[PDB]
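Undergrad: Once you've had a glance at the structure underneath, I'll fire off some questions.
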Amino acid sequence: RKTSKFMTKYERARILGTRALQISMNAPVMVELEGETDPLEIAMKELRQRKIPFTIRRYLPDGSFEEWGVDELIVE
Amino acid sequence: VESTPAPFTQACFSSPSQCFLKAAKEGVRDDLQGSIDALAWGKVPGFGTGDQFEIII
Amino acid sequence: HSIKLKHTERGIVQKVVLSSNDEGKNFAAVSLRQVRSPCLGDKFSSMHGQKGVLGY
Amino acid sequence: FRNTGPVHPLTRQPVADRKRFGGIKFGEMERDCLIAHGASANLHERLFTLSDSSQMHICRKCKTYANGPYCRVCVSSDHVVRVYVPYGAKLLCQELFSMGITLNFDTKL
Amino acid sequence: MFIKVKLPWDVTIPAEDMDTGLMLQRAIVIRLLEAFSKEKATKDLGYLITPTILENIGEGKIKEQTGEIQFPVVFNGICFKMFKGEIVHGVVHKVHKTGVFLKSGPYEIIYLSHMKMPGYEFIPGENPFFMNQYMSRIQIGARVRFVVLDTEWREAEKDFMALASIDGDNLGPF
Amino acid sequence: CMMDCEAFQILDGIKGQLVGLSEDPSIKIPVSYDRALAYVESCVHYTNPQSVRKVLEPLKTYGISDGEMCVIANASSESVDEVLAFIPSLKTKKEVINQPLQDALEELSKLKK
Amino acid sequence: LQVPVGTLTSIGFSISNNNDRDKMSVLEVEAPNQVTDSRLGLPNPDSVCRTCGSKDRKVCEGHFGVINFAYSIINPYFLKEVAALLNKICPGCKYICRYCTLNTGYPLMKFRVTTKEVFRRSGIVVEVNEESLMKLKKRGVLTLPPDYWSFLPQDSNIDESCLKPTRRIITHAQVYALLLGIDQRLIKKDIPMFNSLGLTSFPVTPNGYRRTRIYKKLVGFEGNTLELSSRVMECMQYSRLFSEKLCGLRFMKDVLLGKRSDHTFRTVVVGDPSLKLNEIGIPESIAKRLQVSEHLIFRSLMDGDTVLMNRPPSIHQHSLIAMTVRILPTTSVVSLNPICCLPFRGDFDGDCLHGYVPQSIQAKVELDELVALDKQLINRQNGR
Amino acid sequence: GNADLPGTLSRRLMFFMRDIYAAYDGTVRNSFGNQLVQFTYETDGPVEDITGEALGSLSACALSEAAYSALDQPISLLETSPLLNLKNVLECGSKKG
DNA sequence: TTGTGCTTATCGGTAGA
RNA sequence: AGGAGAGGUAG
DNA sequence: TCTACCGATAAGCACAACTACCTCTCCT
Ligand SMILES: [Mg+2]
Ligand SMILES: [Zn+2]
Ligand SMILES: [Zn+2]
Ligand SMILES: [Zn+2]
């Protein structure tokens, strides 16, 4: 709660990088990709299909944190 | 005035020897809160990337 | 020991000069020559202060 | 241009000589611009990974520096953690110890 | 002292197999088996065989190198501590002139020195040396009880070597 | 707490589980299984319910520490002169009469047929 | 063996004492000719390390050694803290007495530290106020009383100085004598680090780090301790952190602030309107030699890869632009679109653009999502 | 001459404004002790989606660009250069005497 | 050489006991 | 292999 | 009527006087 409920560019880039690193290490893809040979393309496809099993923990400056998920947040 | 000790950043600004000597005499504790302090010790600054964390579940 | 050419050193041997001083120390001089055709990155200047590099 | 080459005798950094496969200095202004852009992985790689990379061993019980690792201030302990810090940090610690300043490190893991 | 004490771990799982959320628990236990199998040793705790009871799991922490993710899991298991003043049994493997071997399981090696048993003369008239001077025959395969002493350890193997003493009563096989 | 009886019962579980889906995609270690078969064959009890309850009864009726129970149960002395000579903690004590200890020795003698 | 990994935080600062100095040093011999020992560092003329294994100055760290002193030496960093405390507390009363009442004829004393003014030694030299001396002069007193210096115990370390009867150099042994009897609460209030008062040892630099002559001369110490203290003070000033080219702030800038990285190329740039704005021309001769890290281990640069272009100096954040690599038949030169010169604030007259090739996959992923040309279309300065 | 002034001013301004960043709550906080610099960003619109952007770094870079892209010519004997005026304005604590 | 900060050192100073 | 003195290029 | 710290002035004593690069020539 008390959040913008919008995925920032930095968080999106970090998620894409982590997913690309995971896929580049021969990891199964949750989404079905046809004619895709680049891990970045598969990561972007998964992000567009919001099927990534990732959770975002936003650290508030006061010391507390709020748990979110990539499916709950929206991408502009 | 803010009661925030940053010996490493002050030393990197100017006069590192005097700043380090004063910090050693006072026995202050550096929490590495600054971005440059984190970068010098191989840590992310945390402004754009690194402020949040990723958890599988 | 021997002296080897570096990464960006090349050319064709032109002359070898051997000489020594009165103290007895021997000196060896080897000269390498090469043709420098105008490349794309070369810079040319005019007689009135015009400065520029080769574009195409 | 440079891919791999000799390092400076003092600090484990690429030499400035061009003929010896020298590297490009990553100045303060470039670091500030990259901070403004918000890219940390590139900044972390350019300052730690591709730059001088080393390891330092810190005793978990006593907040001292131990040279496997072994601390002479305390007894032989099986709880010693390893941190990844640039070689410049180790050089600074050595200089501070030479001038008469002892640093205490409290690792979080 | 076979007290089943808890022991947390930070076993990491590679990104080679990260799928099947309905069967994700199968991948967790397999990684846990490979965690203590790689070590298979201890300094002052003992040994562990199987993860019978799993208490709880933790949040998956992702570390950015070679695609590795960590999992903090706390569970209880079988442990054995060789406390001082314990009478345990063991089987003999071979008989030599010095350092009589005693095998109380393949988990450790036990050596019997000269100043542990009663004084006797080594019988060289047969193949294996006997200790029947005090009306007791000891051979390979017979279980003999003895008291344990302070155990030692190594640096790489970290074997829990100890000394066998028969100074107590009820010596020999039973 | 597993001394002789309940330790053997759970070892049969992993052996009954080994026959099911014996293949493993990872690398197994063979010295862990050898430590279970070559160490549990020293002393074996018959039944779990009446054996684990009887050994804990003196913990409630008499005063004995946790470390003292393990050494006595594993040693399984057959007389009263051995318990006073093995452990040095029982020297010069009058908290428990030897006759109840002898009755417990007979009680431990009937569990093992 | 194997050790766990962890993060670093909460760096503490303190002045080194004898305990930590002795504990940190390993194989600390006291031989004058063993400064370049075979147990400290690799660059010693044996190529063998006693503490560590054989290496190529890449797996062995610089070991430390600490010499020992026959007599105790006060810490130079606490010299002012002791000098200020001695001025307040009376030297013969140990209170906050002949040295207190003005009617006894004893003038007040001032404790101060000289800096290479009298004997080139940074020590405690007590001075009497000359204003009080003139007051005694006008009353008929010409010389100081013979029992004026009775509070200083006899010290064998004293030597022939003969400077003046009004000024005396305080022996390091006399410093401890004067500090006795003072309450520990007052001493701890002025000096936070009481355990570092005694300096009975001094460390030497590792052979792998680099002053050596001064350290060798300090092995044999005897007689007066003021000379030893001066030698220690002179040796401490040879550290790279003290200002005097690679020293002080320049050392920080060239070590921790500014660093050099691998996988970098620097060539002269020319104009090529045919190339796209977000594409950078890379010569085929250099692309085949530059190696990148791609997980299947190195492959040559090709089309589609992204590089970080920068023009020195970086006056604004828009100088860092990520462009896609486009292979061109031209060699020893890089082609850039003339329109993209405005963000770089450069022209085609000799300007050199040095790029950075990202090796990690995450670095490449974040490079074209935040530092790409299409992401920087809006100027962050004026909004245009 | 006067070439070192923009560089020194830019470095000294960066050392001050580097720690400034925007928080998730919408406030502007410093990295040292989470000191509150501004309760709400004073921008005149139009998008408030910036959360992790380093506002202080951007402002310092803009001021550095203004300083570098400025002349060093003394306009008159009395008047100062357009960069000297910026230097004097940015330094307020130095002119206390 | 300057350009400012920064720490000793001296001239008088008025107020209160 | 390492340091000091000159000259030079780009904004 | 004799002492306390307290205002302004002399005098040393410090740091600082831009980035990013390239050559040559001299020691040590
Ligand atoms: Mg130009
Ligand atoms: Zn320790
Ligand atoms: Zn070594
Ligand atoms: Zn007094």
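Ordering of the structure tokens sets the chain letters (A, B, ...); residue numbers start at 1 within each chain; ligands are numbered from 1 in the order shown.
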Excluding region 13-16 of chain I and residues on its chain fewer than 2 positions from it, collect all residues at most 12 Å away from it, counting only C-alpha atoms (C1' of nucleotides), and give them as a short mmCIF file (atom, residue, chain, number, x, y, z; two decimals) with N, CA and C atoms (P, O5', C5', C4', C3', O3' and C1' of nucleotides), in the first residue's frame.
TA:
data_model
loop_
_atom_site.label_atom_id
_atom_site.label_comp_id
_atom_site.auth_asym_id
_atom_site.auth_seq_id
_atom_site.Cartn_x
_atom_site.Cartn_y
_atom_site.Cartn_z
P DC I 11 52.10 42.93 22.14
"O5'" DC I 11 50.61 43.49 22.27
"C5'" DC I 11 50.27 44.35 23.34
"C4'" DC I 11 49.16 45.31 22.93
"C3'" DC I 11 48.64 46.20 24.05
"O3'" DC I 11 48.23 47.46 23.54
"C1'" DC I 11 46.92 44.74 23.33
P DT K 1 41.43 53.96 43.90
"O5'" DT K 1 41.75 52.47 44.42
"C5'" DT K 1 42.49 51.58 43.60
"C4'" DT K 1 42.83 50.31 44.36
"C3'" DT K 1 43.46 49.21 43.52
"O3'" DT K 1 44.31 48.40 44.32
"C1'" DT K 1 41.28 48.55 44.22
P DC K 2 45.63 47.74 43.68
"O5'" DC K 2 45.18 46.24 43.35
"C5'" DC K 2 46.08 45.35 42.70
"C4'" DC K 2 45.55 43.92 42.73
"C3'" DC K 2 46.01 43.05 41.57
"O3'" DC K 2 46.14 41.70 42.00
"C1'" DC K 2 43.67 43.28 41.49
P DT K 3 46.48 40.54 40.94
"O5'" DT K 3 45.05 40.04 40.43
"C5'" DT K 3 44.95 39.20 39.30
"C4'" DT K 3 43.69 38.34 39.37
"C3'" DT K 3 43.52 37.35 38.24
"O3'" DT K 3 42.77 36.23 38.67
"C1'" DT K 3 41.86 39.03 38.07
P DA K 4 42.81 34.86 37.85
"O5'" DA K 4 41.38 34.80 37.13
"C5'" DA K 4 41.25 34.15 35.88
"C4'" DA K 4 39.85 34.37 35.32
"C3'" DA K 4 39.77 34.34 33.80
"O3'" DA K 4 39.44 33.02 33.38
"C1'" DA K 4 38.71 36.31 34.66
P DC K 5 39.91 32.47 31.94
"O5'" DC K 5 38.78 32.99 30.95
"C5'" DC K 5 37.41 32.71 31.22
"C4'" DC K 5 36.51 33.78 30.60
"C3'" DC K 5 36.37 33.70 29.09
"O3'" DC K 5 35.07 34.12 28.70
"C1'" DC K 5 37.35 35.76 29.68
P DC K 6 34.64 34.10 27.15
"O5'" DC K 6 35.03 35.56 26.62
"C5'" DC K 6 34.36 36.71 27.14
"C4'" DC K 6 34.59 37.93 26.26
"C3'" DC K 6 34.61 37.66 24.76
"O3'" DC K 6 33.93 38.71 24.08
"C1'" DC K 6 36.61 38.72 25.40
P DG K 7 32.77 38.37 23.02
"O5'" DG K 7 32.99 39.46 21.87
"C5'" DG K 7 34.27 39.63 21.28
"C4'" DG K 7 34.57 41.10 21.04
"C3'" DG K 7 34.98 41.43 19.61
"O3'" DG K 7 34.66 42.79 19.31
"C1'" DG K 7 36.86 41.65 21.06
P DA K 8 34.37 43.23 17.80
"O5'" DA K 8 35.41 42.36 16.94
"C5'" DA K 8 36.02 42.91 15.78
"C4'" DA K 8 37.32 43.61 16.14
"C3'" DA K 8 38.34 43.70 15.00
"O3'" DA K 8 38.76 45.04 14.81
"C1'" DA K 8 39.36 42.84 16.97
#
Undergrad: Quick check: residues of chain D within 10 Å of chain C, only C-alpha atoms, returned as a compact mmCIF listing (two decimals) with C-alpha atoms, in the first residue's frame.
TA:
# COMPACT_ATOMS: atom_id res chain seq x y z
CA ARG D 18 48.85 2.39 -25.69
CA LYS D 19 51.40 0.01 -27.25
CA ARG D 20 51.01 -2.35 -24.26
CA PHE D 21 47.23 -2.79 -24.73
Undergrad: In Å, with one decimal, what is the gap from CA of residue 59 (chain H) to CA of residue 15 (chain A)?
TA: 27.8 Å
Undergrad: Could you work out which residues of chain G fall inside 12 Å of chain I? Count only C-alpha atoms (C1' of nucleotides), and format the result as a PyMOL selection string.
TA: chain G and resi 112-114+129-131
Undergrad: Would you write out those residues with C-alpha atoms, as a PDB file, in the first residue's frame?
TA:
ATOM      1  CA  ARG G 112      53.072  23.416  24.073  1.00  0.00           C
ATOM      2  CA  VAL G 113      54.482  21.327  21.225  1.00  0.00           C
ATOM      3  CA  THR G 114      57.197  22.714  18.958  1.00  0.00           C
ATOM      4  CA  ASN G 129      54.986  32.911  30.382  1.00  0.00           C
ATOM      5  CA  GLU G 130      57.333  35.831  29.744  1.00  0.00           C
ATOM      6  CA  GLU G 131      54.744  38.340  30.985  1.00  0.00           C
TER       7      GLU G 131
END
Undergrad: Provide as a list in words the residues of chain B at most 9 Å from chain H, counting only C-alpha atoms.
TA: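 Residues satisfying the distance criterion: residues 2, 3, 4, 5, 6, 9, 13, 32, 33, 34, 35, 36, 46, 47, 48, 49 and 51 of chain B.
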Undergrad: Go through the chains and note each residue within 7 Å of ligand 4, using only C-alpha atoms (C1' of nucleotides) and all ligand atoms, then give the set as number ranges by chain.
TA: G: 89-90, 93-97, 99-100
